[PDB]
Amino acid sequence: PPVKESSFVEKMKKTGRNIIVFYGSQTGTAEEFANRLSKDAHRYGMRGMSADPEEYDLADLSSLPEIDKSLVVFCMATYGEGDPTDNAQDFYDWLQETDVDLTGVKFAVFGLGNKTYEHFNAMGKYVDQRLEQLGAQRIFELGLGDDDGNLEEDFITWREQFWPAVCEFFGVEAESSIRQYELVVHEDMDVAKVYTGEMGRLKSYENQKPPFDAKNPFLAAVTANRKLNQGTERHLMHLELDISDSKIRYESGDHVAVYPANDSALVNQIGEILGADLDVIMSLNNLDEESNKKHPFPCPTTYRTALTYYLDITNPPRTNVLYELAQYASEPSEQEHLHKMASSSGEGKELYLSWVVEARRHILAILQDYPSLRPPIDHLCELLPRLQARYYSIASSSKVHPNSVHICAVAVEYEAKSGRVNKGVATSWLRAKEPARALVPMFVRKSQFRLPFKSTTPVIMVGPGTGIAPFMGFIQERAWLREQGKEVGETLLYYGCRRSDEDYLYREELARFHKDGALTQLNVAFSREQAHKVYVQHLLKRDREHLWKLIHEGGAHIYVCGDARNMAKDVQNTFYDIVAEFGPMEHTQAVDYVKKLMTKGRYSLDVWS
Ligand SMILES: Cc1cc2nc3c(=O)[nH]c(=O)nc-3n(C[C@H](O)[C@H](O)[C@H](O)COP(=O)(O)OP(=O)(O)OC[C@H]3O[C@@H](n4cnc5c(N)ncnc54)[C@H](O)[C@@H]3O)c2cc1C
Ligand SMILES: Cc1cc2nc3c(=O)[nH]c(=O)nc-3n(C[C@H](O)[C@H](O)[C@H](O)COP(=O)(O)O)c2cc1C
C-alpha cells in the first residue's frame with residue numbers, strides 16, 4: 001500500500017495544467033500512450049501531465065471541475081481474466097465501491113486489450129461506463145485498442161479524432177520539437193553515485209536486502225541451465241534459479257519475472273553508428289522540475305548501461321519516436337518517410353506497417369537503412385521505451401523445491417523480413433547464463449492459476465509446447481501429495497510437441513511420473529509424426545466421454561496453458577463440443593456452461609502470445 005501523493009487537482013492548479021492522463025499499465029504500453037497524449041496537449045494551447053493512478057486518490061476527480069476547461073483521460077490496459085492492471089487495482093476497487101458525484105467532470109478512455117482474450121478491453125469498457133454512471137460526461141468515444149491487430153494504429157486513429165473533438169468542444173485550437181529532459185554530463189562523478197543496471201535504489205543489486213519485488217529484484221544464482229529438446233531445430237531450455245535466503249514465497253502456477261540485459265553487440269553498434277561515446281556518465285533531468293519523474297531511467301549512468309539494462313532497443317519503434325527522429329535525417333526523402341510513419345492512412349501508414357512492424361526493424365536496423373538519420377545519443381535515450389521484465393510460468397512446486405524456481409522457455413531467434421536475425425532479449429540472455437556466478441535479477445508475481453485446494457479434486461491439464469511449464473510444478477506437487485499419504489484424484493496431462501525425438505519436453509520426468517501413478521494419464525499429441533496434424537484438442541475429443549464424466553460428475557478443474565492465439569481457442573471450442581454432445585445441449589448453452597466453469601474457478605488460463 002503506497003503513500004498517496006497530495007491532490008492531483010491541486011497539483012494541476014499550481015502547475016497550470018488542465019488535462020491529466022492516467023495510465024493503467026503492466027508492460028509500459030499504456031504509460032507511453034498517456035505520456036504521448038499528455039505532450040500533445042501543448043500543441044493545442046493546453047497543458048497536461050500523465051500520472052500513475054496508484055499514486056493518487058481518484059476521489060479527487062470530483063474537484064477537477066474547479067479547473068476551467070479541464071479533462072481527464074484514461075489509457076487502460078486489461079489483464080488476467082478481464083482485470084485491471086496491478087497499478088489500477090486501487091482505482092478499480094474505488095470505482096466499484098464509491099458513490100461520489102462526478103457532475104462537471106469531462107473524460108475520455110482509450111482501452112488497450114487483445115481480442116484473442118476472453119474479456120476484450122474489459123477494464124477500459126468498465127471505466128468508461130462507470131464514470132458516466134457516476135455523473136461524468138464523456139467528451140469522446142471509448143477507444144478499443146486491439147494488440148492482436150495493430151495497437152499503435154488503433155491509437156493513432158483514435159488520437160487523430162480525439163484532439164479535434166477536444167478542440168471543438170473547448171473552443172481551442174492548434175509545430176516544433178520539444179524535449180522533456182535536459183542532458184547533464186558528469187566529468188568527475190563518484191562511482192558510488194552511478195547506476196550500473198539496478199532498478200530501484202542505488203547499489204540495490206550489490207547490497208541485497210529483502211523484501212524483494214519488482215522495484216527490488218533478487219539476484220538469483222543460476223544453478224542449472226540444460227537443453228530440454230532432443231533435436232536441433234530449436235532450443236528449449238530448463239533453468240533452475242536459487243532463491244535461497246531471499247525469503248521469497250511462491251506456489252505452482254505463479255510467475256517469475258526477470259530483468260534481462262540487451263545484446264552487447266547491438267548496444268555497441270548503436271553507439272558506433274551514432275559516433276557516440278557510450279561510456280560517458282550522464283543524467284537526463286526532467287525540464288519540469290515539479291514532476292515526480294526526475295529521469296527517464298536511473299541516473300546518473302552511462303549510455304552503455306542505459307542501452308543495456310534500461311532501454312528497449314529491439315522492438316519496432318512507435319510512430320512518435322520515428323516522427324521526432326525525422327528531424328535528424330539529412331536526406332529529404334528519408335526525413336519524409338519518417339515523418340509520414342505517423343499517418344493514420346495512405347502510403348505512410350502502409351510503409352510503417354510493412355517496413356517497420358512486419359519487417360520487425362529495431363532502432364539499429366532503421367539507423368542502418370536510413371543512413372542520413374543520425375540523432376544525438378541523448379535524445380534517442382529519452383525517446384526509447386523502457387526495457388521490460390519478462391514473465392515465465394514457474395515450472396516447479398514449492399512443496400518440492402522451496403528454494404528454487406524453475407523456468408521452461410524456448411529461445412527466440414528468427415529471420416526477420418528486415419534481412420537480419422532477431423534474437424529474443426530475455427531468452428538469449430538466459431541461454432547464455434552458465435551455472436557457477438551467473439545471477440538473474442528476478443521476482444515472483446502471484447497468479448490465480450492454482451491446483452485445487454482439495455487433493456481429491458480431478459485435474460485436467462492442457463499445455464502443448466512450453467505450455468507444459470506450470471504443469472511440471474503441478475505434477476511434482478500432486479506426486480508429493482500422494483507420497484504424503486493424501487488421497488489424490490485423477491491427474492490427466494494433455495501435452496503436445498512436434499516429434500517424440502525432436503522436442504518432447506521433460507520426456508523422462510513425465511515417464512517417471514506416469515509410471516509411479518502421479519499422472520493418471522499422459523496423453524501426448526505428436527503433431528508432425530504423421531501426415532495430418534494431431535493436437536491436444538484431438539485427444540480431448542477422443543476422451544470426450546470420460547472428460548465429461550470428470551467435469552459434470554467429478555467436479556474436475558480444467559487448466560489451459562500456452563499459445564493464446566490459436567491453441568487456447570481451439571481447445572475451448574472442443575470443450576464446447578464435448579459439453580454440447582453429452583449435456584446434451586445446443587452450442588449456445590454449451591458455451592454458457594464453459595463460461596460458467598471459468599467464473600466458478602474450474603477453468604483456468606495461463607496463455608500468452
Ligand atoms: C504470463 C506469461 C507467462 C509466460 N510464460 C512463459 C514460459 O513459461 N515459457 C516461455 O518460453 N515463455 C513464456 N512467456 C513469454 C515470455 O515472457 C517472453 O515473451 C518470451 O520468453 C520471449 O521473450 P524475449 O525477451 O526472449 O523475446 P523478445 O525480445 O521480447 O521478443 C518477442 C517478440 O519477438 C517477435 N517474434 C517472435 N518470433 C517471431 C517471428 N518468428 N516472426 C516475427 N516476430 C517474431 C514477437 O513480436 C514477440 O513478441 C510468458 C509470457 C507471459 C505473459
Ligand atoms: C498475461 C496477459 C493477460 C492479458 N489479458 C487480457 C485480457 O483479459 N483482455 C484484453 O483485452 N487484453 C488482455 N491482454 C492484452 C493487453 O491488455 C495488451 O497487450 C495491452 O497492450 C498491454 O498494455 P501495457 O503494456 O500498458 O500493460 C493480456 C496480456 C497478457 C500479457
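Here, residue 1 is the first one in the sequence, and each next residue gets the next number. As the structure lists them, so they are numbered: ligands from 1, and atoms in each ligand from 1. Note that these values count all heavy atoms, side chains included, but never hydrogens, waters or copies made by symmetry.
Side-chain polar atoms of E477 and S397 form a donor-acceptor pair below 3.5 angstrom. In this structure, a donor-acceptor pair under 3.5 Å is present between the side chains of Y79 and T27. For the residue pair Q26 / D86, a side-chain donor-acceptor distance below 3.5 Å is found, with atom types taken as modelled. Counted by atom type alone, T78 and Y126 present zero donor-acceptor pairs between their side chains at under 3.5 Å.
Checked by distance only, ligand 1 and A469 stay at 3.5 Å or farther apart across all their nitrogen or oxygen atoms. Residue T27 has at least one nitrogen or oxygen atom sitting less than 3.5 Å from a nitrogen or oxygen atom of ligand 2, judged on distance alone. At least one N or O atom of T78 sits closer than 3.5 Å to an N or O atom of ligand 2. Residue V412 places no N or O, backbone or side chain, under 3.5 Å from any N or O of ligand 1. On a distance-only criterion, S393 and ligand 1 share at least one N/O pair closer than 3.5 Å. An N or O contact shorter than 3.5 Å links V410 to ligand 1 by distance. Geometrically, ligand 2 and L151 share no nitrogen or oxygen pair separated by less than 3.5 Å.
Protein heavy atoms are absent from the 4.0 Å sphere centred on atom 19 (O) of ligand 1. Using a 4.0 Å threshold on non-hydrogen atoms, atom 15 (C) of ligand 1 counts as touching the protein. Distance screen at 4.0 Å: atom 48 (C) of ligand 1 has no protein heavy-atom neighbour inside the cut-off.
Using a 4.0 Å cut-off between heavy atoms, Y392 contacts ligand 1 through both its backbone and its side chain. The proximity of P260 to ligand 1, defined as any non-hydrogen pair under 4.0 Å, does not occur for either the backbone or the side chain.
Heavy-atom proximity to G28, at under 4.0 Å, picks out these atoms of ligand 2: 25 (O), 26 (O). Atoms of ligand 2 found under 4.0 Å from any heavy atom of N121 (numbered from 1 in listed order, with element): 10 (C), 11 (O). Those atoms of ligand 2 that come under 4.0 Å of a heavy atom in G80, given as number and element, are 3 (C), 5 (N). Taking every non-hydrogen atom of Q26 and a distance limit under 4.0 Å, the qualifying atoms of ligand 2 come out as 24 (P), 26 (O), 27 (O). Against a heavy-atom cut-off of under 4.0 Å, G82 is close to the following atoms of ligand 2: 8 (O).
Across the listed options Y414, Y79, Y391, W608, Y414 owns the non-hydrogen atom lying nearest to atom 43 (C) of ligand 1. Considering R390, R360, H255 only, the shortest heavy-atom separation from atom 28 (P) of ligand 1 involves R390. When the heavy-atom distances from atom 9 (N) of ligand 1 to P316, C408, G562 are ranked, the shortest goes to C408. Considering only non-hydrogen atoms, atom 20 (C) of ligand 2 lies nearest to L112 out of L112, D83, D86, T116. For atom 1 (C) of ligand 2, the candidate residues are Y79, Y23, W608; the nearest heavy-atom contact is made by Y79. Closest to atom 29 (C) of ligand 2 by heavy atom, among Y117, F120, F33, is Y117.
The protein heavy-atom contact nearest to atom 26 (O) of ligand 1 is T427 OG1, 2.7 Å. The nearest heavy-atom contact from the protein to atom 31 (O) of ligand 1 is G424 CA, 4.4 Å. Remark: minimum distance from atom 29 (O) of ligand 1 to any protein heavy atom is reached at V425 N, 2.9 Å.
Considering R445, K446, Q448, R249 as possible partners of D254, the one that fulfils the side chain to side chain contact (heavy atoms under 4.5 Å, CB included) test is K446. None of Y92, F91, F107 except one satisfies the ring-ring contact (aromatic ring centres under 6.0 Å, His included) rule with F74; the exception is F91.
Between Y603 atom OH and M598 atom CE the span is 5.0 Å, to the nearest 0.5 Å. Taking OG1 of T85 as the reference point, atom CD of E31 lies at 10.5 Å (rounded to 0.5 Å). The distance from the CG atom of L37 to the CZ atom of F162 is 6.0 Å, given to the nearest 0.5 Å. The distance from atom CZ of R36 to atom SG of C75, rounded to the nearest 0.5 Å, is 10.0 Å. For the atom pair CD1 of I366 and CD1 of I273, the computed distance is 11.5 Å after rounding to the nearest 0.5 Å.
The side-chain hydrogen bond (donor to acceptor under 3.5 Å, both in side chains) contacts involving residues 415-427 comprise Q368-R420, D369-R420, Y414-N422, where partners must be two or more places apart or lie in separate chains.
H119 counts as a contact of ligand 2, since one of its heavy atoms falls under 4.0 Å from the ligand. Ligand 2 has no atom lying under 4.0 Å from any heavy atom of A122.
Checked for salt-bridge contact, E132 and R138 meet the test: a charged N lies under 4.0 Å from a carboxylate O. Ion pairing of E233 with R499 is present here, as a side-chain N (NZ or NE/NH1/NH2) and a carboxylate O approach within less than 4.0 Å.
Residues satisfying the side chain to side chain contact (heavy atoms under 4.5 Å, CB included) criterion with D146, sequence neighbours excluded, are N114, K115, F120, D148, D154.
Ring-plane geometry between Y56 and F8 is classed as perpendicular, the angle between the planes exceeding 60 degrees on a 0 to 90 degree scale with a lower cut at 30.
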